[PDB]
Every structure is written in structure tokens, then in C-alpha cells.
Amino acid sequence: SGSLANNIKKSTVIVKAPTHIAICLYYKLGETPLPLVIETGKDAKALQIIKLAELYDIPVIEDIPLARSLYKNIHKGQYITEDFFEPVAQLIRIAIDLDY
């Protein structure tokens, strides 16, 4: 137990359709060659992801179309594909902790 929470804790950014879908993205320079969907959830699991995001202070961005499209196309453990490269970059840019 705890893999979900540990995944959310290390996440880069979460994109959500409020109360419905949460997509947890992870990108680490030199580890992941592309942004990775490390966790997803619909309905009850989406709400839990969102509570965990709040607990761990993970940036959460509301974007209903993008969250729905990611949910459909990019499964847990899969890297994002070409259509998502730039939309996801924009999430990452707004979410990165500069650490100062």
C-alpha cells in the first residue's frame, strides 16, 4: 500500500476536469525522456488524487478538454504522445518549482 500517495508526492503537475478526471504527470530531466502519466483517476479515484495533491502541494491545473483527452489516450505508465507535447510543456512550465 502507498504507491498512489508516493506517485502523487513525486508528481510534477496534475491536470483535472473538476470532480471527474485527474491525470498525474511526471517529468524529470535525465530520467524520463518525455513526460509520463504516472497515475490517473476517474470519479472517486480522481477525488482522492486531488486530495493527495493538496496534501503534497502538487500544482493542479484545471483544463477539462486536455484532462479528458489525456485520460482517453495516455494510460498509466505511458509517455505522452506528439499531440500533447506542447500543451503538457505549458503545464510543466507553470508547475516547476524553481527551488528558491
# chains A, B, ... in the order shown; residues from 1 in each chain; ligands from 1
$ closest_atom_pairs --of "range 22-68 of chain A" --to "range 76-91 of chain A" --cutoff "7 Å" --atoms "only C-alpha atoms" --output "Markdown table"
| residue | atom | partner | partner_atom | distance |
| --- | --- | --- | --- | --- |
| A:34 | CA | A:79 | CA | 6.0 |
| A:35 | CA | A:79 | CA | 5.8 |
| A:36 | CA | A:79 | CA | 4.3 |
| A:37 | CA | A:76 | CA | 5.4 |
| A:38 | CA | A:77 | CA | 5.2 |
| A:39 | CA | A:76 | CA | 5.4 |
| A:40 | CA | A:76 | CA | 6.2 |
$ write_last_selection --atoms "C-alpha atoms" --output "compact mmCIF listing (two decimals), in the first residue's frame"
# COMPACT_ATOMS: atom_id res chain seq x y z
CA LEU A 34 9.19 12.53 -22.13
CA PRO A 35 6.51 13.48 -19.62
CA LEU A 36 4.97 10.36 -18.13
CA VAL A 37 1.41 9.73 -16.94
CA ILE A 38 2.22 8.07 -13.63
CA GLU A 39 -1.31 7.98 -12.22
CA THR A 40 -4.84 8.56 -13.40
$ select_by_dssp --residues "chain A" --states "helix (DSSP H, G or I)" --output "ChimeraX atom specification"
/A:3-10,44-56,64-73,82-95
$ write_last_selection --atoms "N, CA and C atoms" --output "short mmCIF file (atom, residue, chain, number, x, y, z; two decimals), in the first residue's frame"
data_model
loop_
_atom_site.label_atom_id
_atom_site.label_comp_id
_atom_site.auth_asym_id
_atom_site.auth_seq_id
_atom_site.Cartn_x
_atom_site.Cartn_y
_atom_site.Cartn_z
N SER A 3 1.60 3.23 -2.86
CA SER A 3 2.15 3.53 -4.16
C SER A 3 1.44 4.74 -4.76
N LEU A 4 0.12 4.87 -4.57
CA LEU A 4 -0.62 6.01 -5.14
C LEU A 4 -0.10 7.27 -4.51
N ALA A 5 -0.06 7.30 -3.18
CA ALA A 5 0.41 8.50 -2.49
C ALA A 5 1.86 8.85 -2.87
N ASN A 6 2.73 7.84 -2.95
CA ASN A 6 4.12 8.13 -3.32
C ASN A 6 4.21 8.67 -4.76
N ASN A 7 3.38 8.13 -5.64
CA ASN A 7 3.32 8.64 -7.01
C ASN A 7 2.87 10.09 -7.02
N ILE A 8 1.82 10.42 -6.30
CA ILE A 8 1.35 11.82 -6.28
C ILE A 8 2.43 12.72 -5.66
N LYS A 9 3.07 12.27 -4.58
CA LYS A 9 4.08 13.10 -3.91
C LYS A 9 5.23 13.53 -4.82
N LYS A 10 5.64 12.64 -5.71
CA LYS A 10 6.75 12.96 -6.59
C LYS A 10 6.33 13.59 -7.91
N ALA A 44 -14.39 8.69 -8.02
CA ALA A 44 -13.86 8.59 -6.67
C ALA A 44 -12.32 8.67 -6.62
N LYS A 45 -11.66 7.98 -7.55
CA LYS A 45 -10.19 7.99 -7.55
C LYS A 45 -9.66 9.35 -7.95
N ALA A 46 -10.36 10.06 -8.83
CA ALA A 46 -9.93 11.41 -9.15
C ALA A 46 -9.97 12.29 -7.91
N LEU A 47 -11.02 12.15 -7.09
CA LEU A 47 -11.15 12.99 -5.89
C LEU A 47 -10.00 12.67 -4.93
N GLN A 48 -9.65 11.40 -4.82
CA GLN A 48 -8.56 11.00 -3.93
C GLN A 48 -7.23 11.56 -4.40
N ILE A 49 -6.97 11.46 -5.70
CA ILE A 49 -5.76 12.09 -6.28
C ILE A 49 -5.69 13.58 -5.95
N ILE A 50 -6.82 14.26 -6.14
CA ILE A 50 -6.87 15.68 -5.85
C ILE A 50 -6.61 15.97 -4.37
N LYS A 51 -7.13 15.14 -3.45
CA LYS A 51 -6.86 15.35 -2.00
C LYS A 51 -5.38 15.16 -1.70
N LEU A 52 -4.81 14.13 -2.30
CA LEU A 52 -3.38 13.90 -2.15
C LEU A 52 -2.54 15.01 -2.74
N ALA A 53 -2.95 15.53 -3.90
CA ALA A 53 -2.26 16.67 -4.50
C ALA A 53 -2.23 17.86 -3.54
N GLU A 54 -3.36 18.11 -2.88
CA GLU A 54 -3.41 19.19 -1.89
C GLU A 54 -2.47 18.94 -0.71
N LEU A 55 -2.46 17.70 -0.22
CA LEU A 55 -1.60 17.30 0.88
C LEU A 55 -0.12 17.52 0.57
N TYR A 56 0.28 17.21 -0.66
CA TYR A 56 1.68 17.28 -1.04
C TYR A 56 2.05 18.55 -1.80
N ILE A 64 -10.38 21.07 -18.73
CA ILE A 64 -11.25 19.92 -18.95
C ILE A 64 -10.93 19.18 -20.26
N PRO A 65 -10.80 19.90 -21.40
CA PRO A 65 -10.50 19.18 -22.63
C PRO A 65 -9.19 18.41 -22.60
N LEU A 66 -8.16 19.02 -22.04
CA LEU A 66 -6.85 18.38 -22.00
C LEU A 66 -6.89 17.16 -21.05
N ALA A 67 -7.53 17.29 -19.90
CA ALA A 67 -7.62 16.15 -18.97
C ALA A 67 -8.39 14.99 -19.61
N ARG A 68 -9.52 15.29 -20.26
CA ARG A 68 -10.27 14.23 -20.93
C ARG A 68 -9.49 13.53 -22.05
N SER A 69 -8.77 14.31 -22.85
CA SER A 69 -8.00 13.72 -23.94
C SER A 69 -6.84 12.89 -23.43
N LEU A 70 -6.11 13.41 -22.45
CA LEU A 70 -5.07 12.59 -21.84
C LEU A 70 -5.66 11.29 -21.28
N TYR A 71 -6.79 11.40 -20.57
CA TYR A 71 -7.37 10.20 -19.95
C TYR A 71 -7.67 9.11 -20.99
N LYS A 72 -8.19 9.53 -22.12
CA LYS A 72 -8.54 8.60 -23.17
C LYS A 72 -7.33 7.96 -23.87
N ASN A 73 -6.28 8.75 -24.06
CA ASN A 73 -5.22 8.38 -24.96
C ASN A 73 -3.94 7.88 -24.30
N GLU A 82 2.75 12.83 -29.35
CA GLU A 82 3.07 14.09 -30.04
C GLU A 82 2.03 15.18 -29.93
N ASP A 83 0.75 14.83 -29.98
CA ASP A 83 -0.28 15.87 -29.90
C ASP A 83 -0.26 16.63 -28.59
N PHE A 84 0.25 16.00 -27.54
CA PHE A 84 0.28 16.56 -26.19
C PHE A 84 1.57 17.26 -25.81
N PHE A 85 2.61 17.17 -26.65
CA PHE A 85 3.91 17.67 -26.24
C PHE A 85 3.87 19.12 -25.76
N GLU A 86 3.28 19.98 -26.56
CA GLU A 86 3.30 21.39 -26.20
C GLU A 86 2.29 21.75 -25.12
N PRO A 87 1.04 21.26 -25.21
CA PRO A 87 0.15 21.52 -24.06
C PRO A 87 0.71 21.08 -22.69
N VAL A 88 1.32 19.91 -22.63
CA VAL A 88 1.92 19.44 -21.41
C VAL A 88 3.15 20.26 -21.02
N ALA A 89 3.96 20.69 -22.00
CA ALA A 89 5.09 21.58 -21.68
C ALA A 89 4.60 22.84 -20.95
N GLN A 90 3.50 23.39 -21.42
CA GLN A 90 2.96 24.60 -20.80
C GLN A 90 2.56 24.32 -19.36
N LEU A 91 2.01 23.14 -19.06
CA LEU A 91 1.68 22.77 -17.66
C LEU A 91 2.94 22.65 -16.85
N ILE A 92 3.94 21.98 -17.40
CA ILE A 92 5.18 21.79 -16.70
C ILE A 92 5.81 23.13 -16.39
N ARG A 93 5.82 24.04 -17.36
CA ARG A 93 6.46 25.36 -17.13
C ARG A 93 5.81 26.11 -16.00
N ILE A 94 4.48 26.06 -15.92
CA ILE A 94 3.79 26.77 -14.87
C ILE A 94 3.95 26.06 -13.50
N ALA A 95 4.16 24.74 -13.52
CA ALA A 95 4.27 23.93 -12.30
C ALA A 95 5.65 23.77 -11.71
#
$ closest_residue --among "A:29, A:17, A:61, A:74" --to "residue 43 in chain A" --atoms "only C-alpha atoms"
A:17
$ residues_around --residues "residue 16 in chain A" --least-positions-apart "3" --cutoff "8 Å" --atoms "only C-alpha atoms" --output "PyMOL selection string"
chain A and resi 20-23+60-64+67
$ closest_residue --among "A:27, A:59, A:1, A:42" --to "residue 15 in chain A" --atoms "only C-alpha atoms"
A:59
$ closest_residue --among "A:25, A:31, A:2, A:41" --to "residue 96 in chain A" --atoms "only C-alpha atoms"
A:25
$ select_by_dssp --residues "chain A" --states "strand (DSSP E)" --output "PyMOL selection string"
chain A and resi 13-17+21-26+36-42+60-62
$ write_last_selection --atoms "N, CA, C and O atoms" --output "PDB file, in the first residue's frame"
ATOM      1  N   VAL A  13       2.904  17.764 -12.028  1.00  0.00           N
ATOM      2  CA  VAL A  13       1.702  18.552 -12.178  1.00  0.00           C
ATOM      3  C   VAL A  13       0.520  17.620 -12.377  1.00  0.00           C
ATOM      4  O   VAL A  13       0.667  16.542 -12.958  1.00  0.00           O
ATOM      5  N   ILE A  14      -0.643  18.062 -11.912  1.00  0.00           N
ATOM      6  CA  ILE A  14      -1.883  17.320 -12.109  1.00  0.00           C
ATOM      7  C   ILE A  14      -2.792  18.200 -12.950  1.00  0.00           C
ATOM      8  O   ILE A  14      -2.870  19.404 -12.720  1.00  0.00           O
ATOM      9  N   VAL A  15      -3.384  17.603 -13.979  1.00  0.00           N
ATOM     10  CA  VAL A  15      -4.400  18.286 -14.758  1.00  0.00           C
ATOM     11  C   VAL A  15      -5.729  17.584 -14.542  1.00  0.00           C
ATOM     12  O   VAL A  15      -5.822  16.364 -14.543  1.00  0.00           O
ATOM     13  N   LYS A  16      -6.767  18.391 -14.302  1.00  0.00           N
ATOM     14  CA  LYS A  16      -8.034  17.839 -13.872  1.00  0.00           C
ATOM     15  C   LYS A  16      -9.226  18.418 -14.634  1.00  0.00           C
ATOM     16  O   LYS A  16      -9.202  19.552 -15.139  1.00  0.00           O
ATOM     17  N   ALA A  17     -10.245  17.577 -14.711  1.00  0.00           N
ATOM     18  CA  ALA A  17     -11.604  18.004 -15.026  1.00  0.00           C
ATOM     19  C   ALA A  17     -12.289  17.916 -13.664  1.00  0.00           C
ATOM     20  O   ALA A  17     -12.420  16.813 -13.127  1.00  0.00           O
ATOM     21  N   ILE A  21     -11.984  13.780 -13.478  1.00  0.00           N
ATOM     22  CA  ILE A  21     -10.759  13.180 -14.034  1.00  0.00           C
ATOM     23  C   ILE A  21      -9.563  13.886 -13.443  1.00  0.00           C
ATOM     24  O   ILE A  21      -9.557  15.109 -13.328  1.00  0.00           O
ATOM     25  N   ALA A  22      -8.555  13.101 -13.074  1.00  0.00           N
ATOM     26  CA  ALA A  22      -7.262  13.650 -12.661  1.00  0.00           C
ATOM     27  C   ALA A  22      -6.160  12.851 -13.336  1.00  0.00           C
ATOM     28  O   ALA A  22      -6.160  11.631 -13.298  1.00  0.00           O
ATOM     29  N   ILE A  23      -5.251  13.581 -13.993  1.00  0.00           N
ATOM     30  CA  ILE A  23      -4.105  12.999 -14.660  1.00  0.00           C
ATOM     31  C   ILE A  23      -2.868  13.516 -13.982  1.00  0.00           C
ATOM     32  O   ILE A  23      -2.648  14.726 -13.861  1.00  0.00           O
ATOM     33  N   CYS A  24      -2.045  12.580 -13.513  1.00  0.00           N
ATOM     34  CA  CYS A  24      -0.837  12.928 -12.785  1.00  0.00           C
ATOM     35  C   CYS A  24       0.380  12.778 -13.711  1.00  0.00           C
ATOM     36  O   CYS A  24       0.671  11.663 -14.166  1.00  0.00           O
ATOM     37  N   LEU A  25       1.062  13.905 -14.000  1.00  0.00           N
ATOM     38  CA  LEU A  25       2.193  13.905 -14.898  1.00  0.00           C
ATOM     39  C   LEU A  25       3.482  14.015 -14.139  1.00  0.00           C
ATOM     40  O   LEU A  25       3.568  14.797 -13.197  1.00  0.00           O
ATOM     41  N   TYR A  26       4.501  13.282 -14.611  1.00  0.00           N
ATOM     42  CA  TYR A  26       5.822  13.267 -14.003  1.00  0.00           C
ATOM     43  C   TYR A  26       6.883  13.494 -15.082  1.00  0.00           C
ATOM     44  O   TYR A  26       6.901  12.828 -16.099  1.00  0.00           O
ATOM     45  N   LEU A  36       5.571  11.647 -18.376  1.00  0.00           N
ATOM     46  CA  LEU A  36       4.967  10.360 -18.131  1.00  0.00           C
ATOM     47  C   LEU A  36       3.672  10.538 -17.373  1.00  0.00           C
ATOM     48  O   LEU A  36       3.637  11.259 -16.388  1.00  0.00           O
ATOM     49  N   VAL A  37       2.628   9.812 -17.771  1.00  0.00           N
ATOM     50  CA  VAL A  37       1.409   9.729 -16.945  1.00  0.00           C
ATOM     51  C   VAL A  37       1.658   8.622 -15.914  1.00  0.00           C
ATOM     52  O   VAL A  37       1.674   7.450 -16.246  1.00  0.00           O
ATOM     53  N   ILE A  38       1.870   9.026 -14.674  1.00  0.00           N
ATOM     54  CA  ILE A  38       2.223   8.069 -13.630  1.00  0.00           C
ATOM     55  C   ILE A  38       1.006   7.566 -12.866  1.00  0.00           C
ATOM     56  O   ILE A  38       1.049   6.487 -12.284  1.00  0.00           O
ATOM     57  N   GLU A  39      -0.049   8.380 -12.832  1.00  0.00           N
ATOM     58  CA  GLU A  39      -1.305   7.979 -12.225  1.00  0.00           C
ATOM     59  C   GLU A  39      -2.454   8.669 -12.907  1.00  0.00           C
ATOM     60  O   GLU A  39      -2.307   9.798 -13.375  1.00  0.00           O
ATOM     61  N   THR A  40      -3.583   7.962 -12.986  1.00  0.00           N
ATOM     62  CA  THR A  40      -4.835   8.561 -13.402  1.00  0.00           C
ATOM     63  C   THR A  40      -5.963   8.186 -12.467  1.00  0.00           C
ATOM     64  O   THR A  40      -5.868   7.282 -11.605  1.00  0.00           O
ATOM     65  N   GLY A  41      -7.067   8.875 -12.667  1.00  0.00           N
ATOM     66  CA  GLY A  41      -8.269   8.506 -11.950  1.00  0.00           C
ATOM     67  C   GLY A  41      -9.483   9.179 -12.501  1.00  0.00           C
ATOM     68  O   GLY A  41      -9.423  10.307 -12.982  1.00  0.00           O
ATOM     69  N   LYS A  42     -10.594   8.454 -12.379  1.00  0.00           N
ATOM     70  CA  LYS A  42     -11.915   8.965 -12.692  1.00  0.00           C
ATOM     71  C   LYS A  42     -12.751   8.919 -11.411  1.00  0.00           C
ATOM     72  O   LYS A  42     -12.561   8.034 -10.569  1.00  0.00           O
ATOM     73  N   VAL A  60      -2.037  21.838  -9.316  1.00  0.00           N
ATOM     74  CA  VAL A  60      -3.173  21.281 -10.006  1.00  0.00           C
ATOM     75  C   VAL A  60      -3.720  22.359 -10.924  1.00  0.00           C
ATOM     76  O   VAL A  60      -4.006  23.492 -10.483  1.00  0.00           O
ATOM     77  N   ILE A  61      -3.865  22.008 -12.183  1.00  0.00           N
ATOM     78  CA  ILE A  61      -4.372  22.908 -13.227  1.00  0.00           C
ATOM     79  C   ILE A  61      -5.679  22.338 -13.754  1.00  0.00           C
ATOM     80  O   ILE A  61      -5.766  21.171 -14.115  1.00  0.00           O
ATOM     81  N   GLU A  62      -6.725  23.185 -13.789  1.00  0.00           N
ATOM     82  CA  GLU A  62      -7.990  22.786 -14.368  1.00  0.00           C
ATOM     83  C   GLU A  62      -7.953  23.014 -15.886  1.00  0.00           C
ATOM     84  O   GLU A  62      -7.759  24.140 -16.347  1.00  0.00           O
TER      85      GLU A  62
END
